[PDB]
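A quick write-up on the structure given underneath.
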Amino acid sequence: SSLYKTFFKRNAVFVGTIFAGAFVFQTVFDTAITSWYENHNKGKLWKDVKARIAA
Amino acid sequence: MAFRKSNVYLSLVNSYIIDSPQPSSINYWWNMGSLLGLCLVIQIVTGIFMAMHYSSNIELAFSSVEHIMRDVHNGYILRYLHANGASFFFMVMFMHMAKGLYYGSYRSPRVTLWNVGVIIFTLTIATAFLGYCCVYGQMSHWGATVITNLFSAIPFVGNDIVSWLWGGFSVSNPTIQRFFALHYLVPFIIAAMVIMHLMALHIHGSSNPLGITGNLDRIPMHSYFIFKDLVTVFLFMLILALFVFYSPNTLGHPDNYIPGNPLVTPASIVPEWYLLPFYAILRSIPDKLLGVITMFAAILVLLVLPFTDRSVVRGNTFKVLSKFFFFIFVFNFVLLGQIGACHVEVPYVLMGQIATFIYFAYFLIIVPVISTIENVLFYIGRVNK
Amino acid sequence: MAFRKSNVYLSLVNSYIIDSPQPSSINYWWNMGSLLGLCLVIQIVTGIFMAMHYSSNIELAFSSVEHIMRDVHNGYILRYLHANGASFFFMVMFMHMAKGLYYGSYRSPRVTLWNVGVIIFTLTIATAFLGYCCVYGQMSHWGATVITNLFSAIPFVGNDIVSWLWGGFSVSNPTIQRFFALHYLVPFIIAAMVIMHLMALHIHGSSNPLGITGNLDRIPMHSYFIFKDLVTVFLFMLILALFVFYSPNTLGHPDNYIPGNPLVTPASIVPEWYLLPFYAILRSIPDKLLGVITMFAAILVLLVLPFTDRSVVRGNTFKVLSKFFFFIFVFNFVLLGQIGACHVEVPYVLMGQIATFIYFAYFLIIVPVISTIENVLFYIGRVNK
Amino acid sequence: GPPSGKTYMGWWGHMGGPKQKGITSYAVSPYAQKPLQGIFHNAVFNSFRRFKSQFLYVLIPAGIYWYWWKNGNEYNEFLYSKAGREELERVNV
Amino acid sequence: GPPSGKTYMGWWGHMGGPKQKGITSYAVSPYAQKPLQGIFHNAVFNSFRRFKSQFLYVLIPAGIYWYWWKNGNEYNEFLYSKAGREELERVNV
Amino acid sequence: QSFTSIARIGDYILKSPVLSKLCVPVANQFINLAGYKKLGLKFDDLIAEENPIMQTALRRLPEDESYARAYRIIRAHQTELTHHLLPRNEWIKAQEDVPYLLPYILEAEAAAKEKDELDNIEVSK
Amino acid sequence: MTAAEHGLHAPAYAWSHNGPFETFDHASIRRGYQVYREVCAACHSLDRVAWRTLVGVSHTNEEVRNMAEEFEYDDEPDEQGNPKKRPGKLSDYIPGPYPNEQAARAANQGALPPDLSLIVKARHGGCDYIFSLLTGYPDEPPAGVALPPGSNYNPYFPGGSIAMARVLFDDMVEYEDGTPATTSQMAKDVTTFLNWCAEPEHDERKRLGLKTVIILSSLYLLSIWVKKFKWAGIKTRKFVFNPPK
Ligand code: HEM
Ligand code: HEM
Ligand code: HEM
Ligand code: HEM
Ligand code: HEM
Ligand SMILES: COc1c(O)c(C)c(C/C=C(\C)CC/C=C(\C)CC/C=C(/C)CC/C=C(\C)CC/C=C(\C)CCC=C(C)C)c(O)c1OC
Ligand SMILES: COc1c(O)c(C)c(C/C=C(\C)CC/C=C(\C)CC/C=C(/C)CC/C=C(\C)CC/C=C(\C)CCC=C(C)C)c(O)c1OC
Ligand SMILES: C/C=C(C)/C=C/C=C/C(OC)[C@@H](C)[C@H](OC)[C@@H](C)CCc1oc2c(O)c(OC)cc(OC)c2c(=O)c1C
Ligand SMILES: C/C=C(C)/C=C/C=C/C(OC)[C@@H](C)[C@H](OC)[C@@H](C)CCc1oc2c(O)c(OC)cc(OC)c2c(=O)c1C
């Protein structure tokens, strides 16, 4: 693949870039999963039940 | 020379983990040992962090574990890792042992390696029992009662041992506080025995699936088996994760979510699954003393295999009769466990007594007879006079 | 060869304890290390047996120790052995360190040996503090409070560390339960560091009082130093026995027979005696951050001695100026401790600040200057041109 | 240093094998080899071999024990049903 | 086996000392020697020597520090007595 | 179990034409099911070598057989690790599956047995 | 063992929280609390559940505060040392009907109603069992069964003879959200509520599992590839023998 040779150019990815990418991943991945999860369970959540109560 | 060789601490690491010459042909069955070290680490780390929140008083122990489950951030993860990890520790230990059985790893010159292994197994069984008691559910109390009573079978001074182990008239506060203290200790003795295990491993190196010398073709531990270990480390973690998050109580007993009650033994009492084959063996003998002797002997008889294996080749890979009877042994062992999970009722009592016989007959009778026959078959099939 | 040599486990014992070549001339100052191993064993054995009776809950901890004192058979012996043994552990450690200082044992090629020693010392200090907190007397509570607060001096994230260490708003149940769990753990890490200490010792062997090579005249460890060790082992036990049975509370603080009270700090609060020199050093700096930095630096500066000792001979035996200033250092250290035991009042504050200076000046200034002068004096006293 | 028991494994350069002569080995860098989309087409009818040899050693002991288990269980079920309470009285004590 | 860093101590037979020649040593069995009622008469005016050399290295630093301690203490005592409450006000803050 | 003992039992069977016609076919079929010939091994390559008898025996093996055993063992490990068997034309044939190490083993066992006998001889006057 | 002594196998109902991706239904939890309060709480304690854990799960911060303050708890003694009481706060645990075990046995023919905090995990069958028990009282015992005085028959209980009578009947509760309070609906709700009591971490635990299993799966597949690459030189290695003269 030539997508690799544009960014890292035949060299391996270095720890600093790996560590930095990991911090980014952690946040992005968590939001993607929480979103899917809360959506898949629409109706059942406390979020959804509170919308039908008021006192 | 390279620093990894010259330095006093690093050279240990180098000779055990980096440059250590491995036989080229060892298969994934040789990955279980690293998985056992990993298990030992998971149990120790999660136990120490839980100990920070645990109270060993018999009034507080069960609630202090509910407190870990409910109030401690990620507490349920620690507890479920510990409990399910103990089970996974046994699954992998049985496989590590079964591997040794199949490939003749107990043979000379690795007898010391095998014997130290049998000690670790006894210590690991005792450690898990001590931990199980610390929950102080119903299964905890009666497990502690039944197992401390094993020693009452000892001639004359047996009931004295038991009251000394209890610290009183019955399983009480003294008992649970000392069982926690002991549960904390023994993992570190197991760690020291693992080092002794690896020391005996190092002087002769691993065996291999062919059962012959590995000296003609070694490749270094580093790279090849470091990354090969990684494959099974992740698979192990994946499966442990499926239990911890999706099915955390499937390998335990519902009665241990009931606080221990000294006046009532549940009708539904069943030992932990990894203790069932041994339980069945004891239950098959309708005598108190002989029941506990035979059960202990079922562990010690592992020590006899270097002497009763009469074969002239190491391992079962090229042995048709030995392979067949090995799998008779394995599935007989599973049956013993299925009998342990059953009621003391008609078909089961007899089946358990016959399976018990088959268990001992394997080491003492089948292996010596069959390995002798296979010796002779190998000879007369090639010699023409 | 002899079995003690050929066996995998026994050969370790043989090379460390039996055939290990010792310099013929080492004196009784080289007996302290075995006394430290003995101390480590006494602390671990007595602690485990007490743990069997101890409750770490903040409501129960003090009473559970009174229970060990009153109700546990020989319980007062276990507790007094543990408490007085901790003190004896420090007495002997200071002597072991002072020996190293005097005889240039920190020098090349034993720098690694010395550095691992400094780590053990830090770990031993932390271990004794954790144990002291477990009593939960008045000195326990405020010791835990003051020492966890050391970390609040850390820029920006310091109060966060402290609340994390506490497990809440102040020193409470979470705190004492985790400090017991940690007190149980760290002795085993110290044991692993002692093994690393003995590994570095083994590759170069002991030094000797002359400061020169031992290679021309060795005698085996076994017999000679095994039985020589025995002499000081018994003398050590005799004296420890005199305290444990005849004067068990002379080395402690009466305030720790009062249950901890979060609302009241006694006017009579004084650190444990073996922490007093370091306490004095901190108290001498009228700034929070710099107080805790300087105190930690008083331990780390031990690491600097292989570089600031400029001499060309190992040890002080034949060095008139170095011997004199060594004893200035020792008695300066005792003064620091006597200042620590005193009130923050006029003459004492200044004396402590000057003694603090002398402490650091020894490593950073006196030793490099004096050892250079002695180098030159040795030369011009014999060379005739 | 401290001496040493003779073993059946040495180290690189003195492994303790027999003297080797006449054997020549060849290999090629992983870097120069086909990225792992090879196996299949060449290697999946290949493997699934080593269990044609083996499956009988596993299956026949498994079969024996599963049959024996199923039988004893179905018998216990009969014994504790109405139909079998007469046989139960017979085989029990 | 696994290699080894060169050190400054070997083992029996190769300790790493220089080659020794010309030195001859003699000794006699402990069994053949006088039971331990000897020392004294021959050896007690002997020892108590090694601390004639040393006692000044210990005593003079000890003296300096004991004097310095006694002085500061007696001064603190004065400061907190009636007679010294005037000096106390002066030296305090 | 010693090779002297395996030889005793085996030769008794091999001579008596009752047993010889009964067993050898069983033994022949056992050897084929064993499968070691498909890896390029001879049975004698399979004997556990970590004991003094087998080290004496291997020491006494002529050079050319020694180099050949070394190749067969290395080739077996390489094939094992690839989870293949050799091409069938490379398998060891029954004519080749000779007990080449057996005579050296039996010789060493006899020498050893005699030493044990002579170290323990009693005397009668 | 006889079927009566074993008890009837509880069947598998389609609980909305069954399945790896499924949270609790929090409306069912809310309702189940009401059924607990109005029916079960008269005999059953719930000792391990603190008021605060309800907030954000089934009720609002305000609702829980009102509920807790309806109960009195022991407070610290006054300036003079005489005991005194206190309205409940969110830090308090849901109080039980009886002061001690002996008082609980007295009110139930000598039987002890278990605490329900863990009851879903402390029984084989879990939700299926609890539900089936509550909806499985026959109007009359099967013919021939002689029930002890004070006992009730229920086929799902081991031995058939249980000391709790049927307590759920149609419309004995007025659901605050309009739902028809049939007995099987009320059973479905308390049981959902009691599963939450026993497993409060349920919804979050499964969310974390989803992340953990995705990362570990990937790491597994990845390591296989990396291993094969690192082994390719060794796996395709070739030997030749030329016997020496
Ligand atoms: C309210 C709808 C309610 C529930 C829910 C409930 C459940 C329940 C369970 C799950 C058990 C345990 C059964 C077992 O051991 O498997 C149990 C036991 C008893 N209960 Fe109950 N219970 C509910 C309501 C009531 C009410 C209002 C009363 C008191 C009149 C009551 C009583 C009891 C008693 C008594 C038992 C003990 C059963 C035995 O030991 O035989 N319950 N309950
Ligand atoms: C080889 C190591 C260990 C094994 C096999 C092991 C096994 C177990 C088992 C089977 C239990 C009961 C699990 C359950 O809850 O059902 C347990 C509980 C416990 N263990 Fe361990 N344990 C080990 C090490 C440790 C260590 C070093 C500690 C440190 C203190 C520890 C602390 C605890 C605590 C606090 C409990 C109670 C909490 C709980 O129930 O999970 N364990 N252990
Ligand atoms: C906590 C437990 C243990 C640990 C950490 C451990 C670890 C190891 C390791 C790292 C290896 C090398 C790799 C491998 O072969 O898997 C090994 C080999 C071996 N172990 Fe263990 N082990 C444990 C328990 C046991 C037990 C219980 C037995 C047997 C009763 C045993 C028997 C052996 C044998 C015989 C070998 C050599 C196998 C061969 O090379 O053929 N071990 N072990
Ligand atoms: C290097 C090892 C150790 C040192 C220096 C040490 C030191 C101490 C100290 C200073 C105390 C307070 C003594 C007092 O009562 O005034 C203490 C208490 C305690 N230690 Fe340790 N300890 C060590 C190892 C252990 C170990 C391994 C355990 C095992 C659990 C342990 C358990 C306890 C217990 C139960 C207490 C409270 C009882 C008491 O106050 O004496 N200790 N320790
Ligand atoms: C639990 C603590 C320790 C143990 C068990 C221990 C044990 C030993 C032993 C057995 C020896 C040999 C005999 C002797 O010279 O006394 C030794 C030597 C030595 N240790 Fe330690 N040690 C401990 C702590 C320390 C500390 C705290 C330091 C320094 C900060 C240290 C520095 C040294 C040095 C430099 C030597 C070599 C002395 C020489 O040969 O001249 N040790 N130790
Ligand atoms: C020749 O054969 C070999 C072979 O030799 C090796 C090494 C391997 C590879 C496997 C391994 C190296 C396994 C090694 C692991 C161990 C020996 C582990 C020993 C056990 C332990 C429990 C370690 C000690 C741990 C602790 C004390 C825990 C630390 C605790 C902490 C940090 C608490 C932190 C918390 C707070 C609050 C401060 C092989 O695979 C192999 O065959 C293929
Ligand atoms: C070259 O220099 C040397 C030299 O090398 C040596 C070795 C010595 C001699 C000194 C020693 C050998 C010291 C050795 C001791 C150690 C390294 C000890 C390590 C520490 C430990 C704490 C041991 C581990 C102990 C335990 C886990 C405790 C066991 C617990 C038990 C039995 C609990 C029992 C209770 C119940 C209820 C079951 C010298 O004197 C010397 O110079 C002169
Ligand atoms: C301080 C430490 C002490 C005193 C004890 C340590 C040593 C003991 C052991 O081995 C080391 C011991 C665990 C034994 O090993 C033979 C196991 C196979 C135990 C097998 C076992 O389990 C049971 C169990 O778990 C139960 O739970 C509910 C209940 C049980 O009855 C119904 C048993 C039981 O009847 C047996 C035999
Ligand atoms: C989980 C583990 C944790 C958080 C902590 C471990 C690490 C900390 C240390 O070193 C390792 C630490 C003990 C320190 O080391 C520099 C010692 C010299 C402490 C010296 C010390 O003692 C006191 C003491 O004992 C007291 O008792 C009543 C009271 C005290 O105030 C009045 C003190 C005090 O003011 C100081 C500086």
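As given, the protein sequences belong to chains A, B, C, D, E, F and G, one line each in that order. Be aware that the first sequence starts at 1021, since it is given in my numbering, and climbs by one per residue. Be aware that the second sequence starts at 17, since it is given in my numbering, and climbs by one per residue. Be aware that the third sequence starts at 17, since it is given in my numbering, and climbs by one per residue. Be aware that the fourth sequence starts at 6, since it is given in my numbering, and climbs by one per residue. Be aware that the fifth sequence starts at 6, since it is given in my numbering, and climbs by one per residue. Be aware that the sixth sequence starts at 56, since it is given in my numbering, and climbs by one per residue. Be aware that the seventh sequence starts at 1013, since it is given in my numbering, and climbs by one per residue. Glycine included, C-beta positions come from ideal geometry on N, C-alpha and C.
Check your understanding: Do you know offhand how far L26/C's Cα is from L305/C's?
Key -> As a working note, residue 26/C is residue 10 in the third sequence. As a working note, residue 305/C is residue 289 in the third sequence. Cα-Cα distance, rounded: 51 Å.
Review point. Near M20/E, what residues of its chain come up, given a Cβ to Cβ distance below 8 Å and the 5 sequence neighbours on each side ignored?
Key: Position 15 of the fifth sequence, counting from 1, holds the residue named residue 20/E. For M20/E, where only same-chain residues beyond five positions count, the Cβ hits under 8 Å are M14.
Check your understanding: How would you list, in chain order, the residues of chain B whose beta-carbon sits under 9 Å from the beta-carbon of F145/C?
Key -> Counting from 1 along the third sequence, the entry for residue 145/C is found at position 129. Going along chain B, no residue has its Cβ under 9 Å from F145/C, so there is no contact; the nearest lies around 17 Å.
Check your understanding: Buried or exposed: where does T140/B fall if 16 or more other Cβ atoms within 10 Å of its Cβ makes it buried?
Key -> Here residue 140/B refers to the residue found at position 124 of the second sequence. Label assigned to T140/B: buried.
**Study point:** Residues, ordered as in the chain, of the region 242–265 of chain B that lie near chain G by beta-carbon distance below 7 Å
**Key:** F243, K244, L246, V247, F250, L251, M253, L254, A257, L258, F261, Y262 and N265
Review point. How would you label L51/C, buried or exposed, when you count the other beta carbons within 10 angstroms and need 16 or more for buried?
Key: Looking up residue 51/C in the third sequence gives position 35. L51/C comes out buried.
Check your understanding: How about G10/D: is its C-beta nearer than 8 Å to some C-beta of chain J?
Key -> Chain labels in this structure do not include chain J; the protein chains are A, B, C, D, E, F and G.
Check your understanding: Would the beta-carbon of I301/B fall within 8 Å of that of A314/B?
Key -> Counting from 1 along the second sequence, the entry for residue 301/B is found at position 285. Counting from 1 along the second sequence, the entry for residue 314/B is found at position 298. In this structure, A314/B does not lie closer than 8 Å to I301/B by Cβ.
Exercise for review: Quickly, what does DSSP pair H19/E with across the bridge? List them, please.
Suggested key: For the purposes of this step, residue 19/E is taken as residue 14 along the fifth sequence, with counting starting at 1. For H19/E, which the question treats as bridged, DSSP gives the partners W16/E.
Practice item. Label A37/E either buried or exposed according to how many other C-beta atoms from any shown protein chain fall within 10 Å of its C-beta, with 16 as the threshold for buried. Key: Working through the fifth sequence from its first residue, we reach residue 37/E at position 32. Exposed: under 16 other Cβ atoms inside 10 Å.
**Study point:** Local Cβ density within 10 Å of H89/C, reported as buried at 16 or more and exposed below that
**Key:** Here residue 89/C is taken as the residue at index 73 of the third sequence, counted from 1. So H89/C ends up on the exposed side.
Check your understanding: From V49/D to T134/F, what distance separates their C-alpha atoms?
Key -> Numbered from its first residue, the fourth sequence carries residue 49/D at position 44. Numbered from its first residue, the sixth sequence carries residue 134/F at position 79. The alpha-carbon atoms of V49/D and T134/F are separated by roughly 17 Å.
Check your understanding: How is the alpha helix (DSSP H) around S30/D delimited, first residue to last?
Key -> In the fourth sequence, residue 30/D corresponds to position 25, counting from 1. Run containing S30/D: none in the alpha helix (DSSP H); it sits in the beta strand (DSSP E), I28 to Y31.
Point to revise | Straight-line Cα distance separating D245/C from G221/C | key: Indexing the third sequence from 1 puts residue 221/C at position 205. Indexing the third sequence from 1 puts residue 245/C at position 229. So the alpha carbons of these two residues sit roughly 17 Å apart.
Practice item. Ignore the nearest five residues each way along the sequence and tell me which others in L319/B's own chain have a CB closer than 7 Å to its CB. Key: Here residue 319/B refers to the residue found at position 303 when the second sequence is read from its first residue. Closer than 7 Å at Cβ, skipping near neighbours: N131 and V134.
Point to revise | Neighbour flag for residue 4/B against chain G, beta carbons, 8 Å | key: The structure shown does not extend to residue 4/B, since chain B is modelled only from 17 through 401, so no value can be given for it.
Point to revise | According to DSSP, residues forming a beta bridge with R1098/G | key: Residue 1098/G sits at position 86 when you count from the first residue of the seventh sequence. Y1085/G.
Check your understanding: Along the chain, where does the beta strand (DSSP E) that runs through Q133/F open and close?
Key -> If you number the sixth sequence from 1, residue 133/F lands on position 78. Here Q133/F belongs to no beta strand (DSSP E); instead the alpha helix (DSSP H) covers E118 to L136.
Point to revise | Min CB distance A88/D to chain G below 8 Å | key: Within the fourth sequence, residue 88/D is the residue found at index 83, counting from 1. Chain G contact via Cβ: absent.
Exercise for review: Check whether the Cβ of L56/C lies closer than 7 Å to any heavy atom of ligand 4, and answer yes or no.
Suggested key: As a working mapping, residue 56/C is identified with position 40 in the third sequence. At least one heavy atom of ligand 4 sits closer than 7 Å to the Cβ of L56/C.
**Study point:** Spatial neighbours of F83/D in its chain, beta-carbon cut-off 7 Å, leaving aside the 5 residues before and after
**Key:** Taking the first residue of the fourth sequence as position 1, residue 83/D is located at position 78. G89, listed in sequence order.
Review point. Do you know whose CA, among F195/B, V392/B, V210/B and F376/B, lies nearest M109/B's CA?
Key: What you label residue 109/B is simply residue 93 of the second sequence in a count that begins at 1. Considering only alpha carbons, the answer is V210/B.
Check your understanding: Using the rule of at least 16 other Cβ atoms within 10 Å of the residue's Cβ for burial, across every protein chain shown, is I61/F buried or exposed?
Key -> Stepping through the sixth sequence from its first residue, residue 61/F is reached at position 6. Result: buried.
Check your understanding: Are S103/C and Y290/C close, meaning C-beta to C-beta below 8 Å?
Key -> To locate residue 103/C, count along the third sequence from 1; it is residue 87. To locate residue 290/C, count along the third sequence from 1; it is residue 274. Yes.
Review point. Taking 7 Å as the cut-off, is the CB of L1180/G close to at least one heavy atom of ligand 1?
Key: Numbered from 1 along the seventh sequence, position 168 holds the residue referred to as residue 1180/G. Checking the Cβ of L1180/G against ligand 1 gives yes.
Check your understanding: Since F1205/G is in the alpha helix (DSSP H), which residue starts that stretch and which ends it?
Key -> Taking the seventh sequence and counting its residues from 1, the one referred to as residue 1205/G is at position 193. Note, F1205/G: alpha helix (DSSP H), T1195 to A1210.
Point to revise | Option in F167/C, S40/C, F145/C and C150/C with minimal Cα separation from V308/C | key: Locating residue 308/C in the third sequence gives position 292, where the first residue counts as 1. Nearest C-alpha to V308/C: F167/C.
Exercise for review: Kindly list the residues whose CB is nearer than 6 Å to the CB of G353/C, restricted to its own chain and excluding five residues on each side of it in sequence; keep chain order.
Suggested key: The residue you call residue 353/C lines up with position 337 of the third sequence. Closer than 6 Å at Cβ, skipping near neighbours: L292 and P293.
**Study point:** CB contact below 8 Å: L84/E versus chain C
**Key:** As a working note, residue 84/E is residue 79 in the fifth sequence. So, interface residue.
Check your understanding: How long is the line joining the alpha carbons of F78/B and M311/C, rounded to whole angstroms?
Key -> Walking along the second sequence from the start, residue 78/B turns up at place 62. Walking along the third sequence from the start, residue 311/C turns up at place 295. Cα-Cα distance, rounded: 43 Å.
Point to revise | Coarse secondary structure for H1071/G, derived from DSSP in three states | key: By one-based count along the seventh sequence, residue 1071/G stands at place 59. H1071/G: strand per DSSP, three-state reduction.
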